[PDB]
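Next comes just one chain, in structure tokens: the form deposited in one PDB entry.
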């Protein structure tokens, strides 16, 4: 018996929280592999479902998105992807169409999740209403906070259900995660769950 494993490419502008988000899964950070010529650290994030164990091999840049775009060798053969932006910085959100264009060019029809990071910060600029355009392009969306572990499992559980072809798949146990570095205010979480229902109802 082999191992069920998928290549996942994590992309988005420099400074949005890609490396802080991938590093919450403790054992994946411990067993990571650095490949200098591709400009990547591949993290093996194992998750335990009701039908057995699965492995997401998450590709995280080495910081070469700050002064340029990514090569075709980073994208080739990916089976799924995450695009990230910061919700306190509008320029990171406006570059989302161009990250999506690269994924489509090299990989065609793969399941992709869009993530808005840094929702623990009070003065938010990009809100639920501005994500409607991306949902019409077939991206799935979640509000995330990498520092407090808010909604960490959501992107990986939606991607596992799509790939396997089972809408009733569940995780039976959570992976060991880095302890929260900030508190996710509970009044802000309830308001943002309300914003998303109002924007996407009907």
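Definition used throughout: the rigid core is the maximal C-alpha set that superposes within 1.5 Å between two forms. Numbering follows the first chain given and starts at 1.
Participant: Taking the recorded C-alpha temperature factors, which stretch has the higher mean, 163 to 171 or 142 to 150?
Facilitator: Looking at the recorded C-alpha B-factors, 163 to 171 comes out higher on average.
Participant: Identify the stretch, either 129 to 137 or 42 to 50, whose C-alpha atoms have the larger mean B-factor according to the entry.
Facilitator: Comparing 129 to 137 with 42 to 50, the higher mean C-alpha B-factor belongs to 129 to 137.
Participant: Using the temperature factors in the entry, find which of 179, 12, 186, 17 has the highest value at its Cα atom.
Facilitator: Across 179, 12, 186, 17, the entry lists the biggest C-alpha B-factor for 186.
Participant: Is the Cα B-factor recorded for residue 110 in the lowest, middle or highest third of its chain?
Facilitator: Within its chain, residue 110 is a highest-third residue by C-alpha B-factor, going by the deposited values.
Participant: Taking the values exactly as deposited, rank residue 156 by C-alpha B-factor within its chain and report the matching third: lowest, middle or highest.
Facilitator: As the PDB entry reports it, the C-alpha B-factor of residue 156 lands in the lowest third of its chain.
Participant: Against its chain's modelled residues, does residue 81's Cα B factor rank lowest, middle or highest third?
Facilitator: According to the entry, residue 81 has a C-alpha B-factor in the chain's middle third.
Participant: Divide the modelled residues of the chain into thirds by Cα B-factor and specify which third, lowest, middle or highest, holds residue 35.
Facilitator: Middle third - that is where residue 35 ends up once the chain's C-alpha B-factors are sorted.
Participant: Looking at the C-alpha B-factor of residue 121, is it in the lowest, middle or highest third of its chain?
Facilitator: For residue 121, whose C-alpha B-factor we compare with every modelled residue in the chain, the answer is the middle third.
Not on display, but discussed next: the form deposited in another entry.
Participant: Picking from 42, 26, 46, 157, which residue has its CA shift by 2 Å or more between the shown form and the other one, once the rigid core of the two forms is superposed?
Facilitator: By this measure, the answer is 26.
Participant: Any chance the CA of residue 167 moves 2 angstroms or more between the shown form and the other one, core superposed?
Facilitator: The answer is no, as the C-alpha of residue 167 shifts between the shown form and the other one by less than 2 Å after core alignment.
Participant: Kindly check if the Cα atom of residue 101 is displaced 2 angstroms or more between the shown form and the other one relative to the superposed rigid core.
Facilitator: No, the C-alpha moves less than 2 Å.
Participant: Taking the rigid core as reference, does the Cα of residue 91 move 2 Å or more between the shown form and the other one?
Facilitator: Comparing the forms between the shown form and the other one, which are aligned on their rigid core, residue 91 does not shift its C-alpha by 2 Å or more.
Participant: Did residue 158 and residue 33 drift closer or farther in the other entry, going by a CA distance change of 3 angstroms or more?
Facilitator: Pair moves farther apart in the other entry.
Participant: Assuming the CA distance changes by 3 angstroms or more, are residue 85 and residue 69 closer together or farther apart in the other entry compared with the shown structure?
Facilitator: It is farther: in the other entry, the C-alpha atoms of residue 85 and residue 69 lie at least 3 Å more apart than they do here.
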